[PDB]
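model01.txt follows; it contains compact mmCIF, C-alpha atoms and all ligand atoms.
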```txt
# COMPACT_ATOMS: atom_id res chain seq x y z
CA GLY A 1 88.80 124.47 131.60
CA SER A 2 85.83 123.35 133.68
CA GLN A 3 85.89 119.58 133.94
CA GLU A 4 82.20 119.23 134.74
CA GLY A 5 81.47 120.43 131.21
CA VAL A 6 83.90 118.04 129.57
CA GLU A 7 82.43 115.16 131.56
CA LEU A 8 78.82 116.05 130.82
CA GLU A 9 79.56 116.16 127.05
CA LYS A 10 81.57 112.92 127.29
CA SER A 11 78.60 111.08 128.76
CA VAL A 12 76.05 112.44 126.29
CA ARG A 13 78.38 111.34 123.45
CA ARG A 14 78.79 107.92 125.00
CA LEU A 15 75.05 107.33 125.39
CA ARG A 16 74.55 108.33 121.75
CA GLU A 17 77.42 106.27 120.39
CA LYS A 18 76.14 103.16 122.14
CA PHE A 19 72.97 103.60 120.04
CA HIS A 20 74.96 104.48 116.91
CA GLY A 21 73.76 108.05 117.12
CA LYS A 22 70.09 107.08 116.83
CA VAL A 23 69.48 109.01 120.08
CA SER A 24 69.56 112.77 119.64
CA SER A 25 71.96 115.15 121.34
CA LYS A 26 69.13 117.25 122.77
CA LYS A 27 67.50 114.12 124.20
CA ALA A 28 70.79 112.62 125.46
CA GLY A 29 71.64 115.93 127.13
CA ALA A 30 68.38 115.87 129.07
CA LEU A 31 68.81 112.28 130.12
CA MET A 32 72.35 113.01 131.31
CA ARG A 33 71.45 116.05 133.41
CA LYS A 34 68.48 114.30 134.99
CA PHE A 35 70.38 111.09 135.79
CA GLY A 36 73.75 112.52 136.61
CA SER A 37 75.74 111.58 133.52
CA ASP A 38 74.99 107.85 134.05
CA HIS A 39 75.01 106.81 130.40
CA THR A 40 75.65 103.24 131.43
CA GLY A 41 72.43 102.90 133.41
CA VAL A 42 70.28 104.98 131.11
CA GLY A 43 71.68 102.87 128.29
CA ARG A 44 70.88 99.68 130.18
CA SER A 45 67.40 101.02 130.90
CA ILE A 46 66.64 101.66 127.21
CA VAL A 47 67.63 98.15 126.21
CA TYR A 48 65.33 96.78 128.96
CA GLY A 49 62.48 98.58 127.20
CA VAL A 50 63.47 97.19 123.82
CA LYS A 51 63.64 93.63 125.14
CA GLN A 52 60.32 94.29 126.92
CA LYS A 53 58.54 95.96 123.99
CA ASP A 54 59.83 93.49 121.39
CA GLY A 55 57.74 90.37 120.81
CA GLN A 56 60.29 88.35 118.84
CA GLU A 57 62.43 85.42 119.92
CA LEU A 58 65.28 87.84 119.10
CA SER A 59 64.82 89.64 122.43
CA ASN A 60 65.82 86.58 124.46
CA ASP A 61 69.32 87.19 123.08
CA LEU A 62 69.31 90.34 125.24
CA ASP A 63 70.16 90.18 128.94
CA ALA A 64 67.42 90.85 131.48
CA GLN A 65 68.82 93.54 133.78
CA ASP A 66 67.65 95.45 136.88
CA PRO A 67 66.73 99.03 135.95
CA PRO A 68 66.68 101.64 138.75
CA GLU A 69 62.96 102.16 139.30
CA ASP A 70 63.43 105.90 138.67
CA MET A 71 64.66 104.87 135.21
CA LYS A 72 62.29 101.92 134.58
CA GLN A 73 59.43 104.36 135.18
CA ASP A 74 60.87 107.30 133.25
CA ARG A 75 58.73 108.33 130.28
CA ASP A 76 61.63 109.84 128.31
CA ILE A 77 63.67 106.64 128.57
CA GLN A 78 60.55 104.72 127.60
CA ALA A 79 59.83 106.88 124.59
CA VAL A 80 63.45 106.37 123.42
CA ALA A 81 63.15 102.59 123.64
CA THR A 82 60.05 102.85 121.45
CA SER A 83 61.73 105.23 119.02
CA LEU A 84 64.43 102.60 118.49
CA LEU A 85 62.11 99.75 117.58
CA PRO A 86 62.03 97.46 115.81
CA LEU A 87 64.63 94.94 116.99
CA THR A 88 66.16 93.17 113.99
CA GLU A 89 68.91 90.66 113.32
CA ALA A 90 70.89 93.64 112.00
CA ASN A 91 70.05 95.71 115.13
CA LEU A 92 70.68 93.08 117.78
CA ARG A 93 74.47 93.35 118.25
CA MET A 94 74.16 97.12 118.66
CA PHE A 95 71.74 96.58 121.55
CA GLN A 96 73.85 93.88 123.15
CA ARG A 97 76.90 96.15 123.15
CA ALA A 98 74.83 99.02 124.59
CA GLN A 99 73.78 96.95 127.62
CA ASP A 100 77.34 95.67 127.98
CA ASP A 101 78.56 99.29 128.24
CA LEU A 102 80.76 98.52 125.22
CA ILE A 103 81.93 100.82 122.42
CA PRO A 104 84.27 98.61 120.32
CA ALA A 105 87.17 100.70 119.10
CA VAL A 106 90.34 100.76 116.98
CA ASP A 107 93.37 103.05 116.69
CA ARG A 108 93.64 104.57 113.20
CA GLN A 109 95.80 107.05 111.34
CA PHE A 110 94.28 110.08 109.56
CA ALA A 111 95.74 112.53 107.02
CA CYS A 112 94.20 115.85 105.97
CA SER A 113 95.77 116.80 102.65
CA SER A 114 94.93 120.52 102.66
CA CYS A 115 96.28 120.99 106.16
CA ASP A 116 99.08 118.50 105.44
CA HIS A 117 98.07 117.32 108.95
CA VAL A 118 98.58 113.72 110.11
CA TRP A 119 97.22 112.35 113.34
CA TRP A 120 96.05 109.26 115.18
CA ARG A 121 92.81 108.70 116.97
CA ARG A 122 91.01 105.90 118.78
CA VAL A 123 87.67 105.59 116.95
CA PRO A 124 84.56 103.42 117.04
CA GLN A 125 84.64 100.25 114.98
CA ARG A 126 81.15 101.05 113.60
CA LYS A 127 82.37 104.38 112.23
CA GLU A 128 86.12 104.81 111.72
CA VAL A 129 86.04 108.58 111.34
CA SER A 130 87.98 111.40 112.96
CA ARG A 131 87.90 115.19 112.56
CA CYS A 132 90.98 117.12 111.44
CA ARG A 133 91.70 119.44 114.34
CA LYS A 134 93.29 122.12 112.14
CA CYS A 135 90.40 122.54 109.64
CA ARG A 136 87.51 120.80 111.51
CA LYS A 137 86.50 118.50 108.61
CA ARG A 138 85.93 114.77 109.22
CA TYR A 139 88.12 112.22 107.45
CA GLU A 140 88.18 108.49 106.84
CA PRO A 141 91.26 106.45 107.84
CA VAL A 142 94.39 106.02 105.81
CA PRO A 143 94.04 102.45 104.47
CA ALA A 144 95.90 99.87 106.51
CA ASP A 145 98.22 99.16 103.59
CA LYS A 146 99.16 102.84 103.14
CA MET A 147 99.93 103.77 106.76
CA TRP A 148 103.31 105.31 107.63
CA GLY A 149 105.19 106.05 110.82
CA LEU A 150 107.70 104.24 112.96
CA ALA A 151 107.64 100.71 111.44
CA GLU A 152 108.81 97.28 112.52
CA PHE A 153 110.78 95.26 109.98
CA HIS A 154 111.60 91.56 110.29
CA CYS A 155 113.92 90.40 107.47
CA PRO A 156 112.65 86.95 106.34
CA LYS A 157 116.07 86.07 104.84
CA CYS A 158 118.51 86.80 107.69
CA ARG A 159 116.17 87.57 110.66
CA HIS A 160 117.60 91.03 111.28
CA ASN A 161 114.97 93.12 113.04
CA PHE A 162 114.92 96.87 112.78
CA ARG A 163 112.66 99.80 113.45
CA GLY A 164 112.29 102.83 111.23
CA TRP A 165 110.04 105.50 109.76
CA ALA A 166 108.39 104.06 106.71
CA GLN A 167 105.20 103.34 104.78
CA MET A 168 103.41 100.00 104.44
CA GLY A 169 103.90 98.15 101.14
CA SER A 170 107.21 99.96 100.53
CA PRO A 171 110.30 97.75 101.03
CA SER A 172 113.37 98.96 102.75
CA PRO A 173 116.79 97.29 102.32
CA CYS A 174 117.77 94.99 105.14
CA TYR A 175 120.75 96.53 106.94
CA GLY A 176 121.88 93.01 107.53
CA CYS A 177 121.73 91.33 104.14
CA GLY A 178 120.53 93.94 101.63
CA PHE A 179 117.40 92.17 100.53
CA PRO A 180 114.17 94.14 100.58
CA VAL A 181 112.00 93.98 103.68
CA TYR A 182 108.40 95.13 103.89
CA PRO A 183 107.23 96.71 107.17
CA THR A 184 105.14 94.48 109.34
CA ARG A 185 103.21 97.29 110.94
CA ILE A 186 103.24 100.90 112.08
CA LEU A 187 103.50 101.86 115.78
CA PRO A 188 101.61 105.03 116.71
CA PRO A 189 103.29 107.68 118.88
CA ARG A 190 102.42 107.01 122.49
CA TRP A 191 103.45 108.67 125.70
CA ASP A 192 103.69 105.24 127.39
CA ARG A 193 105.94 103.71 124.70
CA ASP A 194 109.43 104.20 123.30
CA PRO A 195 109.85 107.79 122.10
CA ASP A 196 111.23 106.58 118.75
CA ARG A 197 107.59 106.33 117.74
CA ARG A 198 107.41 110.14 117.81
CA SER A 199 108.30 112.22 114.79
CA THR A 200 110.21 114.44 117.24
CA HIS A 201 112.63 111.59 117.86
CA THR A 202 115.99 111.79 116.13
CA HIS A 203 115.91 109.79 112.93
CA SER A 204 118.62 108.50 110.50
CA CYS A 205 117.83 106.52 107.29
CA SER A 206 119.48 104.60 104.40
CA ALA A 207 117.24 106.53 101.92
CA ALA A 208 118.98 108.95 99.52
CA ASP A 209 116.30 111.48 100.43
CA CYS A 210 116.99 111.38 104.09
CA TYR A 211 117.14 114.59 106.11
CA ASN A 212 119.79 112.79 108.25
CA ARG A 213 121.17 110.07 106.03
CA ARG A 214 122.92 106.94 107.22
CA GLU A 215 125.84 105.51 105.28
CA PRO A 216 126.29 103.69 103.04
CA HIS A 217 122.95 104.94 101.62
CA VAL A 218 120.78 103.23 98.98
CA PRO A 219 120.66 105.35 95.82
CA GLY A 220 117.07 105.33 94.65
CA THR A 221 115.08 105.31 97.85
CA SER A 222 112.93 107.93 99.57
CA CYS A 223 112.42 108.50 103.28
CA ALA A 224 108.94 108.73 104.79
CA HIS A 225 109.94 110.87 107.80
CA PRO A 226 108.19 114.28 107.81
CA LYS A 227 111.47 116.13 108.25
CA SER A 228 112.81 114.43 105.15
CA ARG A 229 109.53 115.07 103.30
CA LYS A 230 109.65 118.79 104.16
CA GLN A 231 113.35 119.11 103.39
CA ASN A 232 112.65 117.68 99.92
CA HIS A 233 109.63 120.05 99.63
CA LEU A 234 107.20 117.11 99.55
CA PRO A 235 104.00 117.08 101.59
CA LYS A 236 104.33 115.35 104.93
CA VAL A 237 101.18 113.45 103.96
CA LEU A 238 102.18 110.44 101.90
CA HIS A 239 98.63 109.22 101.38
CA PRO A 240 95.59 111.39 102.14
CA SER A 241 92.42 110.34 103.82
CA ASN A 242 89.31 110.54 101.72
CA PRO A 243 87.05 113.23 103.21
CA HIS A 244 84.13 111.75 105.09
CA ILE A 245 80.63 112.50 103.81
CA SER A 246 78.35 112.74 106.86
CA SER A 247 75.40 110.35 106.82
CA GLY A 248 73.90 111.75 110.04
CA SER A 249 74.54 109.21 112.76
CA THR A 250 78.08 110.25 113.66
CA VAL A 251 78.98 110.93 117.31
CA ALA A 252 81.99 113.21 118.00
CA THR A 253 85.07 111.63 119.69
CA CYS A 254 84.14 110.26 123.09
CA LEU A 255 86.55 107.35 123.35
CA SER A 256 89.48 107.28 125.78
CA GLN A 257 92.65 107.50 123.78
CA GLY A 258 94.89 105.34 125.94
CA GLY A 259 98.49 106.28 125.49
CA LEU A 260 97.97 108.10 122.22
CA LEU A 261 99.43 111.59 122.45
CA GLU A 262 96.12 113.46 122.20
CA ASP A 263 93.97 112.67 125.24
CA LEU A 264 90.13 112.74 125.25
CA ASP A 265 89.31 115.42 127.85
CA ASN A 266 91.41 117.93 125.89
CA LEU A 267 89.83 116.92 122.57
CA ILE A 268 86.36 117.47 124.05
CA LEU A 269 87.38 120.73 125.74
CA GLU A 270 88.60 122.16 122.43
CA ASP A 271 85.29 120.98 120.91
CA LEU A 272 83.27 122.80 123.56
CA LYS A 273 85.34 125.95 123.06
CA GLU A 274 84.73 125.95 119.30
CA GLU A 275 80.99 125.81 120.02
CA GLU A 276 81.11 128.73 122.48
CA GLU A 277 82.35 130.96 119.64
CA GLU A 278 79.67 129.77 117.20
ZN ZN B 1 92.47 119.80 107.92
ZN ZN B 2 118.31 90.50 106.00
ZN ZN B 3 115.19 108.70 106.62
```
If you took the structure in this file and wrote it as structure tokens, what would it be?
Amino acid sequence: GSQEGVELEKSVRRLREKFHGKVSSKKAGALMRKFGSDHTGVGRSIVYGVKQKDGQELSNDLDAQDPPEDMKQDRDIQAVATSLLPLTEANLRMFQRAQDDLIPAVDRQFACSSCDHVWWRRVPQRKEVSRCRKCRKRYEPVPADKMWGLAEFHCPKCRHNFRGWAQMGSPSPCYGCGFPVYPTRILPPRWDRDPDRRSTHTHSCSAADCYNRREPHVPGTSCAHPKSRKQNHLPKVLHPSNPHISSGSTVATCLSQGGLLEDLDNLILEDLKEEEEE
């Protein structure tokens, strides 16, 4: 796959997302060809306009930055800055983040019921949405208190610590003392972390359900691991994402995914391929 395509699309997406999608793709594309994918500097240049064209005390809460004169004088940048007025108390933190080259972000879990597809994605804090890669529909996150995966347990009674595949809000029995322990959190699968965070990792459980049950087992418990789920003919998805209803300002995934298993350049490349066909 040609990287210069992935990187062009990445930088149009990043310019847009720093303006919460209020800059168009056709316009971002032009800006990114003409200025060599420099979303940071285009972005900084737009905010300079807004600060300049705004007459409120609010615009002193924006930094005054040096815009390349070929950007300061560009009429398409300037028209964008106008198109984004006015500057409001509800607008102002968007514009600050844009000039700080900042897209605040969060790792979230996602679950497409009809694909029975679960995945993780680093998404923007302003719009925690990711697209199912099997069926191409956008979904909202699984709620924090319903997430499942490799979980960390800290028994409050005896201080045994253990790791295991599990869902939030569902106690497991402490292997130490038998009292019920709720998971503290879920750890996403990551190539730079312990492989026990992967579903591919060998798993053994005290649940009666378990595809690979530990002994002694606990008689009325059910295992969250997808192999167990499948073996018991249950859907791998324990708790589906609500489908996301598009409001219009969404920007497709342009965030670096860190050590999550699905990296960004491949996500974008598959996106560009899908478009070639259509
Ligand atoms: Zn799907
Ligand atoms: Zn215990
Ligand atoms: Zn199990």
Quick one: residues within 8 Å of residue 186 of chain A, only C-alpha atoms, excluding same-chain residues fewer than 4 positions away - as a PDB file with C-alpha atoms, in the coordinates of the input?
```pdb
ATOM      1  CA  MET A 147      99.930 103.770 106.760  1.00  0.00           C
ATOM      2  CA  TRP A 148     103.310 105.310 107.630  1.00  0.00           C
ATOM      3  CA  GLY A 149     105.190 106.050 110.820  1.00  0.00           C
ATOM      4  CA  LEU A 150     107.700 104.240 112.960  1.00  0.00           C
ATOM      5  CA  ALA A 151     107.640 100.710 111.440  1.00  0.00           C
ATOM      6  CA  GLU A 152     108.810  97.280 112.520  1.00  0.00           C
ATOM      7  CA  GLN A 167     105.200 103.340 104.780  1.00  0.00           C
ATOM      8  CA  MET A 168     103.410 100.000 104.440  1.00  0.00           C
TER       9      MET A 168
END
```
What separates atom CA of residue 155 of chain A and atom CA of residue 175 of chain A is a distance of 9.2 Å
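The list of residues within 10 Å of (93.8, 113.0, 107.4), counted using all atoms listed in the file, is residues 109, 110, 111, 112, 113, 114, 115, 116, 117, 118, 119, 120, 129, 130, 131, 132, 133, 137, 138, 139, 140, 141, 142, 237, 239, 240, 241, 242 and 243 of chain A.
For the residues A:6, A:143, A:210, A:136, ranking by smallest atom-to-atom distance to ligand ZN 1 (chain B) using all atoms listed in the file places A:136 first.
Contacts with ligand ZN 3 (chain B) are defined as any residue atom within 10 Å of a ligand atom, using all atoms listed in the file; the residues meeting this criterion are residues 164, 165, 166, 203, 204, 205, 206, 207, 208, 209, 210, 211, 212, 213, 214, 217, 221, 222, 223, 224, 225, 226, 227, 228 and 229 of chain A.
Candidate residues A:107, A:181, A:234, A:67 were compared for distance to residue 259 of chain A, and the nearest is A:107, using all atoms listed in the file.
Residue nearest residue 12 of chain A within the list A:46, A:169, A:251, A:134: A:251 [criterion: smallest interatomic distance, only C-alpha atoms].
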As a check of understanding: the span from atom CA of residue 127 of chain A to atom CA of residue 62 of chain A is 23.2 Å
* To do: Considering only C-alpha atoms, return as a PyMOL selection string whatever protein or nucleic-acid residues lie within 9 Å of segment 82-98 of chain A, sequence-local ones (same chain, fewer than 2 positions apart) excluded.
  => chain A and resi 15+17-20+22-23+40+43-44+46-47+49-51+53-54+56+58-59+61-63+77-80+100-104
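Among A:183, A:55, A:156, A:5, the residue with the shortest atom-to-atom distance to ligand ZN 2 (chain B), counting only C-alpha atoms and all ligand atoms, is A:156.
Taking atom CA of residue 135 of chain A and atom CA of residue 193 of chain A as endpoints, the distance between them is 28.7 Å.
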Closest contacts (chain A/ligand ZN 2 (chain B), max 8 Å, all atoms listed in the file) as CSV:
```
residue,atom,partner,partner_atom,distance
A:155,CA,B:ZN2,ZN,4.6
A:156,CA,B:ZN2,ZN,6.7
A:157,CA,B:ZN2,ZN,5.1
A:158,CA,B:ZN2,ZN,4.1
A:159,CA,B:ZN2,ZN,5.9
A:160,CA,B:ZN2,ZN,5.4
A:173,CA,B:ZN2,ZN,7.9
A:174,CA,B:ZN2,ZN,4.6
A:175,CA,B:ZN2,ZN,6.6
A:176,CA,B:ZN2,ZN,4.6
A:177,CA,B:ZN2,ZN,4.0
A:178,CA,B:ZN2,ZN,6.0
A:179,CA,B:ZN2,ZN,5.8
A:180,CA,B:ZN2,ZN,7.7
A:181,CA,B:ZN2,ZN,7.6
```
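Minimum atom-to-atom distance to residue 64 of chain A, evaluated using all atoms listed in the file, belongs to A:45 out of A:45, A:81, A:188, A:8.
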Mind checking which residues fall within 9 Å of residue 7 of chain A, counting all atoms listed in the file, ignoring those fewer than 3 positions away in the same chain, and posting them as a list in words?
residues 3, 4, 10, 11, 12, 37, 265 and 268 of chain A
Go ahead and write the residues just picked, C-alpha atoms, as a PDB file, in the frame of the given file.
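Saved result, result_27.pdb, follows:
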```
ATOM      1  CA  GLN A   3      85.890 119.580 133.940  1.00  0.00           C
ATOM      2  CA  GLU A   4      82.200 119.230 134.740  1.00  0.00           C
ATOM      3  CA  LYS A  10      81.570 112.920 127.290  1.00  0.00           C
ATOM      4  CA  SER A  11      78.600 111.080 128.760  1.00  0.00           C
ATOM      5  CA  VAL A  12      76.050 112.440 126.290  1.00  0.00           C
ATOM      6  CA  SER A  37      75.740 111.580 133.520  1.00  0.00           C
ATOM      7  CA  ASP A 265      89.310 115.420 127.850  1.00  0.00           C
ATOM      8  CA  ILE A 268      86.360 117.470 124.050  1.00  0.00           C
TER       9      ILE A 268
END
```
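With all atoms listed in the file as the atoms that count, the residue of A:33, A:189, A:244, A:57 with the shortest distance to ligand ZN 1 (chain B) is A:244.
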* To do: Please determine the residues with any atom at most 8 Å from (77.8, 116.9, 122.6) (coordinates as given in the file, with only C-alpha atoms counting) and report them as a PyMOL selection string.
  => chain A and resi 9-10+12-13+25+29+252
Selection to disk with C-alpha atoms, as a tab-separated table (two decimals), keeping the file's coordinate frame:
```tsv
chain	number	residue	atom	x	y	z
A	9	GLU	CA	79.56	116.16	127.05
A	10	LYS	CA	81.57	112.92	127.29
A	12	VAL	CA	76.05	112.44	126.29
A	13	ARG	CA	78.38	111.34	123.45
A	25	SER	CA	71.96	115.15	121.34
A	29	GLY	CA	71.64	115.93	127.13
A	252	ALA	CA	81.99	113.21	118.00
```
Exercise on segment 214-218 of chain A, axis-aligned box with 4 Å per side, report centre and edge lengths in Å to one decimal, as AutoDock Vina command-line options:
```
--center_x 123.5 --center_y 105.1 --center_z 103.1 --size_x 13.5 --size_y 11.7 --size_z 16.2
```
Is it possible to produce a file of segment 88-176 of chain A from this structure, with C-alpha atoms, as a PDB file, in the first residue's frame?
```pdb
ATOM      1  CA  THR A  88     -17.909  31.481  22.144  1.00  0.00           C
ATOM      2  CA  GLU A  89     -17.279  30.246  25.670  1.00  0.00           C
ATOM      3  CA  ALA A  90     -18.445  26.859  24.356  1.00  0.00           C
ATOM      4  CA  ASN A  91     -16.109  27.125  21.312  1.00  0.00           C
ATOM      5  CA  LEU A  92     -12.981  28.358  23.057  1.00  0.00           C
ATOM      6  CA  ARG A  93     -11.457  25.081  24.316  1.00  0.00           C
ATOM      7  CA  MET A  94     -11.809  23.565  20.850  1.00  0.00           C
ATOM      8  CA  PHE A  95      -9.728  26.417  19.420  1.00  0.00           C
ATOM      9  CA  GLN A  96      -7.139  26.226  22.167  1.00  0.00           C
ATOM     10  CA  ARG A  97      -6.615  22.523  21.537  1.00  0.00           C
ATOM     11  CA  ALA A  98      -6.378  23.135  17.778  1.00  0.00           C
ATOM     12  CA  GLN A  99      -3.489  25.588  18.211  1.00  0.00           C
ATOM     13  CA  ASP A 100      -1.870  23.248  20.729  1.00  0.00           C
ATOM     14  CA  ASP A 101      -1.884  20.478  18.087  1.00  0.00           C
ATOM     15  CA  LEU A 102      -3.926  18.441  20.570  1.00  0.00           C
ATOM     16  CA  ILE A 103      -6.606  15.808  19.927  1.00  0.00           C
ATOM     17  CA  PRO A 104      -7.498  14.521  23.429  1.00  0.00           C
ATOM     18  CA  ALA A 105      -8.143  10.799  23.256  1.00  0.00           C
ATOM     19  CA  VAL A 106      -9.198   7.684  25.183  1.00  0.00           C
ATOM     20  CA  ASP A 107      -8.962   3.925  24.622  1.00  0.00           C
ATOM     21  CA  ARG A 108     -12.419   2.324  24.459  1.00  0.00           C
ATOM     22  CA  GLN A 109     -13.949  -1.078  23.814  1.00  0.00           C
ATOM     23  CA  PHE A 110     -16.590  -1.581  21.095  1.00  0.00           C
ATOM     24  CA  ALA A 111     -18.963  -4.492  20.373  1.00  0.00           C
ATOM     25  CA  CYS A 112     -20.976  -4.997  17.182  1.00  0.00           C
ATOM     26  CA  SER A 113     -23.786  -7.403  18.021  1.00  0.00           C
ATOM     27  CA  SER A 114     -24.667  -8.510  14.472  1.00  0.00           C
ATOM     28  CA  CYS A 115     -21.062  -9.262  13.629  1.00  0.00           C
ATOM     29  CA  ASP A 116     -20.480 -10.555  17.170  1.00  0.00           C
ATOM     30  CA  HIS A 117     -17.280  -8.483  16.724  1.00  0.00           C
ATOM     31  CA  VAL A 118     -15.418  -6.940  19.677  1.00  0.00           C
ATOM     32  CA  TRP A 119     -12.554  -4.521  19.316  1.00  0.00           C
ATOM     33  CA  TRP A 120     -10.648  -1.677  20.909  1.00  0.00           C
ATOM     34  CA  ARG A 121      -9.831   1.681  19.473  1.00  0.00           C
ATOM     35  CA  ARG A 122      -8.186   4.917  20.557  1.00  0.00           C
ATOM     36  CA  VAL A 123     -10.846   7.582  19.921  1.00  0.00           C
ATOM     37  CA  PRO A 124     -11.320  11.319  20.408  1.00  0.00           C
ATOM     38  CA  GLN A 125     -12.687  12.432  23.762  1.00  0.00           C
ATOM     39  CA  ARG A 126     -15.157  14.763  21.982  1.00  0.00           C
ATOM     40  CA  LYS A 127     -16.656  11.843  20.054  1.00  0.00           C
ATOM     41  CA  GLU A 128     -16.086   8.343  21.452  1.00  0.00           C
ATOM     42  CA  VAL A 129     -17.120   6.486  18.309  1.00  0.00           C
ATOM     43  CA  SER A 130     -15.498   3.744  16.258  1.00  0.00           C
ATOM     44  CA  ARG A 131     -16.550   1.881  13.109  1.00  0.00           C
ATOM     45  CA  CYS A 132     -17.017  -1.889  13.115  1.00  0.00           C
ATOM     46  CA  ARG A 133     -14.476  -3.123  10.591  1.00  0.00           C
ATOM     47  CA  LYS A 134     -16.532  -6.188   9.625  1.00  0.00           C
ATOM     48  CA  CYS A 135     -19.812  -4.387   8.757  1.00  0.00           C
ATOM     49  CA  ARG A 136     -18.614  -0.728   8.459  1.00  0.00           C
ATOM     50  CA  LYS A 137     -21.245   0.741  10.832  1.00  0.00           C
ATOM     51  CA  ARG A 138     -20.206   3.165  13.599  1.00  0.00           C
ATOM     52  CA  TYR A 139     -20.775   2.233  17.228  1.00  0.00           C
ATOM     53  CA  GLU A 140     -20.692   3.899  20.621  1.00  0.00           C
ATOM     54  CA  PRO A 141     -18.484   2.463  23.401  1.00  0.00           C
ATOM     55  CA  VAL A 142     -19.380  -0.361  25.706  1.00  0.00           C
ATOM     56  CA  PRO A 143     -20.135   1.440  28.998  1.00  0.00           C
ATOM     57  CA  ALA A 144     -17.217   1.495  31.404  1.00  0.00           C
ATOM     58  CA  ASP A 145     -19.147  -0.656  33.863  1.00  0.00           C
ATOM     59  CA  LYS A 146     -19.923  -3.346  31.256  1.00  0.00           C
ATOM     60  CA  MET A 147     -16.449  -3.810  29.733  1.00  0.00           C
ATOM     61  CA  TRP A 148     -14.891  -7.287  29.618  1.00  0.00           C
ATOM     62  CA  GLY A 149     -11.469  -8.680  28.860  1.00  0.00           C
ATOM     63  CA  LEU A 150      -8.401  -9.540  30.860  1.00  0.00           C
ATOM     64  CA  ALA A 151      -9.234  -8.031  34.286  1.00  0.00           C
ATOM     65  CA  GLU A 152      -7.289  -7.148  37.409  1.00  0.00           C
ATOM     66  CA  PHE A 153      -8.738  -8.296  40.720  1.00  0.00           C
ATOM     67  CA  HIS A 154      -7.563  -7.119  44.148  1.00  0.00           C
ATOM     68  CA  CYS A 155      -9.327  -9.037  46.959  1.00  0.00           C
ATOM     69  CA  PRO A 156     -10.173  -6.465  49.693  1.00  0.00           C
ATOM     70  CA  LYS A 157     -10.408  -9.218  52.350  1.00  0.00           C
ATOM     71  CA  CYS A 158      -7.127 -11.138  51.944  1.00  0.00           C
ATOM     72  CA  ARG A 159      -5.169  -8.989  49.403  1.00  0.00           C
ATOM     73  CA  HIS A 160      -4.759 -11.797  46.883  1.00  0.00           C
ATOM     74  CA  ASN A 161      -4.248 -10.263  43.460  1.00  0.00           C
ATOM     75  CA  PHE A 162      -5.146 -12.105  40.309  1.00  0.00           C
ATOM     76  CA  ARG A 163      -5.700 -11.502  36.636  1.00  0.00           C
ATOM     77  CA  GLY A 164      -8.417 -13.072  34.541  1.00  0.00           C
ATOM     78  CA  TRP A 165     -10.924 -12.732  31.725  1.00  0.00           C
ATOM     79  CA  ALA A 166     -14.029 -11.173  33.143  1.00  0.00           C
ATOM     80  CA  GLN A 167     -16.666  -8.444  32.944  1.00  0.00           C
ATOM     81  CA  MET A 168     -16.947  -5.341  35.127  1.00  0.00           C
ATOM     82  CA  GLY A 169     -19.582  -5.447  37.881  1.00  0.00           C
ATOM     83  CA  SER A 170     -19.477  -9.266  37.938  1.00  0.00           C
ATOM     84  CA  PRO A 171     -17.706 -10.729  41.007  1.00  0.00           C
ATOM     85  CA  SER A 172     -15.382 -13.626  40.796  1.00  0.00           C
ATOM     86  CA  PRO A 173     -14.485 -15.796  43.820  1.00  0.00           C
ATOM     87  CA  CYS A 174     -11.151 -14.995  45.375  1.00  0.00           C
ATOM     88  CA  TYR A 175      -8.833 -17.964  44.815  1.00  0.00           C
ATOM     89  CA  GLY A 176      -7.345 -17.093  48.134  1.00  0.00           C
TER      90      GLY A 176
END
```
